[PDB]
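[1] quick one: experimental structure and sequence below.
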Amino acid sequence: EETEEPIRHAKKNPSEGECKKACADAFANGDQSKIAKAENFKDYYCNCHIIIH
């Protein structure tokens, strides 16, 4: 079960990889195993898919 969370990324249109890294940094301090995927939500926003369990 994942939860969506649009975070603020420092890039107008970050690539999903950039987003995943940011979602990782901001949520797991860099760990990308807590993040299923991330994708551009809007300008400077990435929708993080946070894996709860």
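    Received, thanks. Numbering: from 1, shown residues only.
[2] partner residues bridging residue 40?
    Under DSSP bridges, the beta-bridge partners of residue 40 are residue 46.
[3] which parts of this structure are strands?
    For the chain, the strands defined by DSSP state E cover 2-8, 35-42, 45-51.
[4] hey, which of the ones you listed is tucked in deepest?
    Among the strands of the chain, strand 45-51 has the highest mean neighbour count (mean count of other C-beta atoms under 10 Å), at a mean of 20. Bear in mind the C-beta positions are built from the backbone N, C-alpha and C, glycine included.
[5] sorry, back to before: adding distance to residue 27 as columns, could you present the strands of the chain in CSV?
    Output for these, formatted as CSV (distance: least, C-beta to C-beta, whole Å):
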stretch, distance to residue 27
strand 2-8, 8
strand 35-42, 7
strand 45-51, 6
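[6] which among those strands is found nearest to residue 28?
    Nearest to residue 28, of all these, is strand 35-42, at 6.9 Å by C-beta to C-beta.
[7] relative to strand 2-8, how tilted is that closest one?
    If you take axes from the mean of the first three to the mean of the last three C-alpha atoms, to 10 degrees, strand 35-42 sits at 40 degrees to strand 2-8.
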